[PDB]
Each structure stands twice: as structure tokens, then as C-alpha cells.
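Inspection log for the structure reproduced underneath, given as C-alpha cells.
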Number of protein chains: 4
Amino acid sequence: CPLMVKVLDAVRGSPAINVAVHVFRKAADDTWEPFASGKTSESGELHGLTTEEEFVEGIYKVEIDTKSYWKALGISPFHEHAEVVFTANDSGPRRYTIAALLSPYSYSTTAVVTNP
Amino acid sequence: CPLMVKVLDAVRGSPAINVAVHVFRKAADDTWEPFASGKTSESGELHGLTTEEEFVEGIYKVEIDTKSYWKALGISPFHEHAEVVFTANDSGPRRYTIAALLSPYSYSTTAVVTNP
Amino acid sequence: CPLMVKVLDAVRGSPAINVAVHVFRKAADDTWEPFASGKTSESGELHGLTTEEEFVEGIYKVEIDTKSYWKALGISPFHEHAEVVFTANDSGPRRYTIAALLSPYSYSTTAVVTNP
Amino acid sequence: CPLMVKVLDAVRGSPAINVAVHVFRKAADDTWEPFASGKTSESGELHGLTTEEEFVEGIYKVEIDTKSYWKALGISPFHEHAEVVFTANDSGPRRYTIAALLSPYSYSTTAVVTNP
Ligand SMILES: Cc1cc(C)cc(-c2ccc([C@@H](C)C(=O)O)cc2F)c1
Ligand SMILES: Cc1cc(C)cc(-c2ccc([C@@H](C)C(=O)O)cc2F)c1
């Protein structure tokens with residue numbers, strides 16, 4: 001599991017459950033090619049997006065569908081979605097966790113990049 | 001000044017100076033049209049991006065060029081840029097401040113929306 | 001104005017108004033002595049806490065009364081308060097801005113330290 | 001495991017490993033009584049702090065010894081320590097995770113409160 005996404009809710013103090021997450025890889029012509037997607041679990045995590053063989057160096061975009069998340073909870077949100085855009089680099093560690101902390105008018109994100 | 005950007009550096013405990021910012025607006029064909037750009041001052045603030053007349057209703061993307069910022073300080077950061085994507089002015093004209101807090105492997109952003 | 005506090009609300013996308021702040025300084029006996037207090041204005045800012053003369057070197061604790069803030073808006077938050085504890089002026093006088101971003105179950109804080 | 005602490009490093013993009021964490025419970029006379037302590041693991045987590053029988057309702061303080069963390073990595077930090085102060089309430093969920101994201105001049109914290 002070289003790529004994991006973990007989403008938390010700063011209003012409810014809970015995992016962000018059943019959030020849609022789409023990953024894209026930047027193509028040669030600078031367009032965004034669908035790569036992987038899924039919905040966060042009851043723990044706010046999304047595992048199994050890709051495999052070591054599929055996850056090559058390059059620029060990736062993780063889109064988190066925050067607007068749908070907030071409106072399913074009855075909350076008015078600011079953003080259309082959250083975006084995390086980063087380069088995967090085979091130098092240094094090989095497991096990427098993209099973590100996001102959501103509020104209606106704000107979000108935080110960090111990267112946790114490690115070896116097993 | 002209906003759109004402003006303010007950026008802080010969480011490593012230095014200082015304004016983030018000379019941060020490039022590019023604003024896009026979603027066009028009729030659903031592409032991202034360049035709208036405005038500038039860079040943060042010595043105070044970490046970017047004023048004068050647009051006008052009340054030109055800042056019409058739409059979906060806007062504020063790209064904050066965090067990689068360029070960190071590389072210019074000699075640091076190899078995680079992200080390519082921070083994105084803030086939102087619908088603006090859909091209940092009439094508002095003033096938006098996009099605030100960001102930067103670290104090499106993490107950033108936060110918030111919006112301050114006021115009615116003049 | 002060598003110590004200032006600025007607070008934003010990540011649910012409302014607005015300044016956090018009428019936030020009570022209490023500042024303490026560690027005394028010779030290692031207890032927390034009350035130093036100064038105030039509350040955020042309509043802009044989310046708190047000016048006039050102290051003076052250059054009175055703001056001597058020491059360990060300071062800035063308590064931001066987040067529970068009181070959220071309860072006054074009818075919300076039952078997680079935290080009692082946010083604390084920011086730091087040594088001030090140990091390389092000579094500096095100006096400190098303590099910035100905070102509030103959600104009901106989460107907060108962020110940063111320091112902006114400048115040399116006048 | 002009713003109380004867990006999880007610490008991440010926003011400069012290195014890693015867990016915050018071998019950080020000292022002290023938990024206190026507020027006594028009747030408003031002093032802070034030592035309650036539990038430990039050091040974060042290789043995953044930035046601290047498990048086994050307390051037991052259901054020991055963790056009663058009341059106000060708790062989680063101190064994270066960030067200053068020692070940063071100076072063991074050769075980094076100049078702002079804060080003396082990070083503080084998280086909250087009420088444990090048997091109404092609603094019974095597992096508390098206190099998560100913290102560290103930068104030299106900033107920190108974020110959230111609460112993830114759940115049932116199994
Ligand atoms: C204080 C803070 C800030 C940010 C951007 C993420 C998180 C966070 C998000 C998801 C998670 C996942 C990995 C978890 O809860 O196990 C952990 C976190 F510390 C916490
Ligand atoms: C994204 C983020 C994170 C944190 C901890 C503070 C702030 C913040 C708080 C107050 C202000 C005030 C001083 C302002 O200039 O609007 C600015 C900020 F960027 C923004």
C-alpha cells in the first residue's frame with residue numbers, strides 16, 4: 001500500500017466517513033489522468049488505492065470531495081473540493097500517507113512518508 | 001480589494017515573503033482560465049489581484065506556489081502548490097481573504113469572507 | 001504593541017470576535033502569574049495587552065478561551081482553551097503575534113515574531 | 001485504550017518519534033495531578049496510557065514536550081511545549097485520540113472521539 005489517504009473532521013471530532021477521494025497522475029500533455037479513487041471507511045481511511053508496480057514517480061493530485069461531505073451533514077461549506085498535489089520521488093521513503101483535517105471554511109493537510 | 005492572500009511561514013515564524021500566487025476562474029468550456037497573479041509582499045500579503053468589476057461570480061482556484069517558495073529558501077518540500085477552489089460572489093459581492101500557513105511537508109488554509 | 005493575538009473562525013469563515021485571552025508569566029517561584037488579558041475585537045484582533053517596558057524577558061502563556069467562545073455561540077466544543085507557551089525577548093525585544101484558527105474539535109496556532 | 005496520543009512532524013513529513021508526553025488530571029484544588037506519561041513510538045503514537053477504570057470524567061491536560069523534540073533534531077523551536085486541555089465526558093463516544101501536528105513556530109491539534 002504505497003499511497004493511503006486519511007481524513008478527519010474538525011467540527012464533529014471524528015473520522016470523515018464516506019468521503020469521495022479521486023487520485024490523478026499528471027500526463028505528458030499536463031492533463032490529469034484518473035489514477036485511483038474510493039470512499040473513506042468508518043475510520044476515515046482509504047487503503048488499496050494502488051500497488052507498488054502502478055505507483056511510479058511523477059506528479060499526483062488527490063482530490064477530496066469535501067463539498068458533498070459537508071452538505072450530507074447539513075453544513076454549508078466554502079470549498080468546491082480539497083486538492084493535494086505532490087511529486088512521488090523514489091529517493092527517500094516509499095509509503096505515502098496524505099492526511100487532511102476538514103473544517104467548513106478551512107483545511108489542513110500533511111504528508112507522512114515512511115519505510116516499513 | 002475583494003480578493004487578498006496572506007501567507008505565513010511556520011518554520012521561520014514570519015510572513016512568507018515573495019510567494020507567487022496564480023488565480024484561475026472556470027470558463028464556460030469548464031477549463032481553468034488565468035484570472036490574476038501576484039506575489040506576497042514583506043508583510044506576507046498580496047493586495048491588488050483584482051477589482052470589484054472584474055471579480056464576478058464564478059468558481060475560482062487560488063494556487064499558492066509553495067514549492068517555488070521553499071526551493072528559493074533552499075528546502076525540498078513535499079507539495080507542488082496549495083490550491084484553494086471555491087465559488088465566489090454567488091450571494092452578491094463579498095471580500096475574500098485566503099490565508100495560508102506553510103511548512104515543508106504540510107500547509108493549512110482558511111477563508112475569511114466579509115460583506116461590505 | 002509587542003504582543004498581539006489574532007483569531008479566526010474556521011466554521012464561519014470570519015474573524016473570531018469577543019474571544020477572551022489571558023496572558024500569564026512564569027514568576028520566580030515557578031507559578032503562573034497573571035500578566036495581562038483582553039478580548040478580540042470585530043476584526044478578531046487583540047491589541048493593547050502590554051507595553052515594551054512591561055513585556056520583559058520571561059516564559060509566557062497565552063490562554064485563548066476557546067470553550068467560552070464556542071459556548072457563547074451555542075456550540076459544545078472539545079477543548080477548554082488553547083495554550084501557547086513560549087520564552088519571549090531572550091535575544092532582546094521582539095514583537096509577537098499569536099495567531100489562532102478555531103474549530104469546535106480542533107485548533108491551530110502560529111507565532112509571527114518580528115524585530116523592530 | 002480510552003486515550004491515545006498521535007504526533008506528526010510537518011517539517012520532515014514523518015511521525016514525531018520519541019516525543020515525551022505527560023497527561024495530568026485537574027484536582028479539586030485546581031492543581032494538575034500527574035496521570036500518565038510516555039514517549040511516542042516509531043509510528044508517532046502513544047498507546048497504553050490509561051484504562052477504562054482509571055479514566056473518569058474531568059479535565060485533562062496533555063503536555064507534549066516539543067522543545068526537546070526539535071532540539072534533538074537540531075531545529076530552533078518557539079514553544080516551551082504544546083498543551084491540549086479538554087474535558088472527558090461520558091455522554092457520547094468513549095475513545096479519545098488527541099492528534100498533534102508539529103512545526104517549529106506552530107502546532108495544530110484535533111480530537112478524534114469514537115466508539116468501537
Ligand atoms: C492535527 C492534525 C492535522 C492534520 C493535517 C492531520 C491530522 C491527522 C489526520 C488523519 C490521521 C489519520 C492517519 C489517523 O487518525 O490515524 C492522523 C492525523 F494526526 C491531525
Ligand atoms: C491558515 C491559518 C492558520 C493559523 C494557525 C492562523 C491563521 C491566521 C489567523 C489570523 C490572521 C489574522 C492576523 C489576519 O491577518 O487575518 C491571519 C491568519 F493567516 C491562518
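Ordered as shown in the C-alpha cells, chains take letters A, B, and onward, while each chain numbers its residues from 1 and ligands are numbered from 1 in the order shown.
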
Could you list the residues in chain B lying within 12 Å of chain A, using only C-alpha atoms, and format the result as an mmCIF file with C-alpha atoms, in the first residue's frame?
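File selection-v1.cif, as written:
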data_model
loop_
_atom_site.group_PDB
_atom_site.id
_atom_site.type_symbol
_atom_site.label_atom_id
_atom_site.label_comp_id
_atom_site.auth_asym_id
_atom_site.auth_seq_id
_atom_site.Cartn_x
_atom_site.Cartn_y
_atom_site.Cartn_z
ATOM 1 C CA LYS B 26 -13.503 28.257 -14.512
ATOM 2 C CA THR B 31 -11.248 24.848 -18.333
ATOM 3 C CA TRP B 32 -9.232 26.921 -15.834
ATOM 4 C CA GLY B 58 -17.576 32.057 -10.693
ATOM 5 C CA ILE B 59 -15.508 29.158 -9.452
ATOM 6 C CA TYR B 60 -12.006 30.378 -8.597
ATOM 7 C CA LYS B 61 -8.794 28.468 -7.954
ATOM 8 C CA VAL B 62 -6.109 30.253 -5.889
ATOM 9 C CA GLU B 63 -2.808 28.428 -6.492
ATOM 10 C CA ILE B 64 -0.171 29.299 -3.910
ATOM 11 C CA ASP B 65 3.260 28.338 -5.248
ATOM 12 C CA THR B 66 4.639 26.700 -2.127
ATOM 13 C CA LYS B 67 7.263 24.539 -3.906
ATOM 14 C CA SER B 76 12.984 20.493 -0.875
ATOM 15 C CA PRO B 77 9.279 20.484 0.114
ATOM 16 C CA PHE B 78 6.558 17.848 -0.415
ATOM 17 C CA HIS B 79 3.762 19.653 -2.249
ATOM 18 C CA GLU B 80 3.790 21.297 -5.687
ATOM 19 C CA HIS B 81 1.403 24.088 -4.592
ATOM 20 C CA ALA B 82 -1.572 24.672 -2.314
ATOM 21 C CA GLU B 83 -4.912 25.014 -4.054
ATOM 22 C CA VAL B 84 -7.974 26.794 -2.754
ATOM 23 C CA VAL B 85 -11.008 26.232 -5.000
ATOM 24 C CA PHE B 86 -14.318 27.979 -4.197
ATOM 25 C CA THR B 87 -17.410 29.565 -5.643
ATOM 26 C CA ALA B 88 -17.273 33.375 -5.172
ATOM 27 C CA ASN B 89 -19.953 36.083 -5.133
ATOM 28 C CA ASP B 90 -22.954 33.750 -5.579
ATOM 29 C CA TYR B 96 -12.315 37.124 0.399
ATOM 30 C CA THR B 97 -9.039 36.739 2.287
ATOM 31 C CA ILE B 98 -7.311 33.400 1.637
ATOM 32 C CA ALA B 99 -4.875 32.814 4.494
ATOM 33 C CA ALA B 100 -2.265 30.069 4.399
ATOM 34 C CA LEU B 101 0.302 28.674 6.861
ATOM 35 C CA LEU B 102 3.234 26.812 5.338
ATOM 36 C CA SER B 103 5.601 24.056 6.469
ATOM 37 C CA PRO B 104 7.785 21.940 4.182
ATOM 38 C CA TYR B 105 5.525 18.853 4.375
ATOM 39 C CA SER B 106 2.188 20.460 5.375
ATOM 40 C CA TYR B 107 0.016 23.520 4.912
ATOM 41 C CA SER B 108 -3.177 24.954 6.315
ATOM 42 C CA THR B 109 -5.555 27.353 4.647
ATOM 43 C CA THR B 110 -8.664 29.276 5.739
ATOM 44 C CA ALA B 111 -11.024 31.772 4.162
ATOM 45 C CA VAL B 112 -12.240 34.999 5.744
ATOM 46 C CA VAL B 113 -15.352 36.168 3.856
#

Please provide the set of residues having any atom within 9 Å of residue C:48, restricted to only C-alpha atoms, with same-chain residues fewer than 4 positions apart removed, written as a PyMOL selection string. chain C and resi 1-4+38

Least-squares fit chain A onto chain C by Cα, in order, and just send back the RMSD. 1.2 Å

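If only C-alpha atoms are the atoms counted, then among A:10, A:19, A:5, A:75 the closest residue to residue A:47 is A:5.
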
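Proximity ranking of B:12, B:23, B:114, B:29 relative to residue B:55 places B:23 first, based on only C-alpha atoms.
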